[PDB]
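This report concerns only the one structure given below.
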Amino acid sequence: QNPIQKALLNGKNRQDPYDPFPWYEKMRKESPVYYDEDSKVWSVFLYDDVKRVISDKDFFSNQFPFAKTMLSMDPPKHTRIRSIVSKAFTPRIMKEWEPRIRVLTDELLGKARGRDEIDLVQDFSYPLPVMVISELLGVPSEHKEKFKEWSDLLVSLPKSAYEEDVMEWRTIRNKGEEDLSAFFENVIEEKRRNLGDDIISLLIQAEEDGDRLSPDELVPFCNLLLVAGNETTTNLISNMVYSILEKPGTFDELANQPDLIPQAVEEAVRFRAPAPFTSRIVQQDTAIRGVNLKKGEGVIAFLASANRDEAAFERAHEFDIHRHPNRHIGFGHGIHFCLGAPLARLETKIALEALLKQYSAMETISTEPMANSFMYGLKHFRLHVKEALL
Ligand code: HEM
Ligand SMILES: [Ca+2]
Ligand SMILES: [Ca+2]
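All the letters of the sequence shown, read from the start, carry residue numbers 7 to 71, 79 to 403 under PDB author numbering.
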């Protein structure tokens, strides 16, 4: 009964979970502005139209009939909520974490030492972002396995459009949401008279010291930062290593000149971002490519398709660490531009620097994709590895 969910189940989610890209190409070329008659929802595939839908707030609203987070809010309230944490997520504040993120990354590859096969996701790309986001928020990272279980549910989709699968899915997801929410409620209660140098303390101060934040928006805020904080960066690390190993010689280029890694992270955000789409609702009649959109019509904006648009990028289908002019919209565009982009850039850089120093070779054995998800990425990534001579 969620039209956006139905539209994903009718389109995106009918494609290979780790290879939606031929489908995006087909839509770009044949139906770049597509009405799903079943769901009553538009999809846009081309760079200029996706970029406009996500940024043109005069016409495209974030607020539908996580619901109580900045993600689902329009100005003026959006500006006040985002400003609570805007300063805390700046490149310069996240730079203070580079030492701690290096240590966490080191410790994980430490524990992998002496193994000829690793599960990148279980051993590395899941634990590091869950641990960093736990320490930033101010919760114990010893809960990472439960955090991962809850996060995977909160970004999941039913296995099909079939009412029984949707109901089964609603039950399990709702239970995840209840238990994660109870968790944060317990954390808040504890932190109110034991504040830390941490983001949950910042939120509590905003709710307690004035009316910047409602009591019913603390736990939503926690859920959003916990879940985004790991589901995005986990899948961006995994997807980036996969992108590198897919293109022979890329591994050795980056290892031989690690100053390229920041560019290669931007290329991984263009090429295999963890967030392939976002959604808007039309709040004012408009047109894209002469197609008329009416107030109240939902729109899915395929960032992943925009970032592969032949019209916007040369060799858009190629992973090119040397992309000189890359103006990807993989973090979004305009007022909802990813709050975590600096953290994500910093974690992914450090993750990849570590892997390229630790391993002189890595080869894919198997993967299990994130199927039935809002996210694009890997549940498992088994690799044969050879540790470098030091
Ligand atoms: C790792 C790669 C990441 C990608 C590709 C990514 C992508 C996105 C995109 C496209 C948006 C815009 C959504 C929209 O316009 O509707 C967004 C928003 C956001 N992301 Fe990220 N994200 C990443 C990492 C993170 C991290 C690590 C966190 C938390 C630390 C985070 C927290 C957020 C929040 C809170 C918003 C909402 C901003 C707002 O509504 O004003 N993201 N992200
Ligand atoms: Ca709203
Ligand atoms: Ca208050």
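In this text, a Cβ means the ideal position worked out from N, Cα and C, and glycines have one as well.
Given a cut-off of 7 Å on the beta-carbon distance, is the pair residue i and residue j in contact?
i, j, result
"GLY353", "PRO287", "no"
"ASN8", "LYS172", "no"
"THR118", "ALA364", "yes"
"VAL152", "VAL200", "yes"
"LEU166", "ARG186", "yes"
"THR299", "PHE51", "no"
"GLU221", "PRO228", "no"
"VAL278", "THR184", "no"
"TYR139", "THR247", "yes"
"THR92", "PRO233", "no"
"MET33", "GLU244", "no"
"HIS346", "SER61", "yes"
With respect to the beta strand (DSSP E) encompassing residue i, which residues constitute its N-terminal and C-terminal limits?
i, result
"residue 72", "Here the chain breaks off after 71 and picks up again at 79, leaving residue 72 without coordinates."
"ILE294", "291-295"
"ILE342", "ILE342 -> no beta strand (DSSP E), and no H or E assigned at all."
"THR299", "299-301"
"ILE313", "311-314"
"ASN207", "Segment: none, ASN207 is in no beta strand (DSSP E) and carries neither H nor E."
"residue 75", "In the model as presented, the chain runs from 71 straight to 79, which leaves residue 75 without coordinates."
What are the start and end residues of the alpha helix (DSSP H) that includes residue i?
i, result
"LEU167", "157-167"
"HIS91", "90-98"
"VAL59", "53-61"
"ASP42", "Where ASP42 is concerned, there is no enclosing alpha helix (DSSP H), although the beta strand (DSSP E) it sits in stretches over 39-42."
"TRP29", "27-36"
"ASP265", "263-269"
"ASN8", "Looking at the DSSP string, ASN8 is not in any alpha helix (DSSP H), and its letter there is neither H nor E."
Tell me, which residues are paired with residue i by DSSP?
i, result
"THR118", "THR118 is not bridged to any residue."
"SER67", "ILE294"
"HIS393", "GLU381"
"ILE334", "Paired residue(s): none; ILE334 is not in a bridge."
"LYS399", "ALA374"
On the criterion of 16 or more Cβ atoms from any shown chain inside 10 Å, does residue i qualify as buried, or is it exposed?
i, result
"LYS108", "exposed"
"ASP132", "buried"
"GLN11", "buried"
"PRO104", "exposed"
"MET383", "buried"
"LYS157", "buried"
"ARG95", "buried"
"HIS349", "buried"
"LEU193", "buried"
"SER379", "exposed"
"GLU155", "exposed"
request  = Just jot down, in chain order, the residues whose CB lies closer than 6 Å to any heavy atom of ligand 2.
outcome  = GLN69, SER85 and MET86
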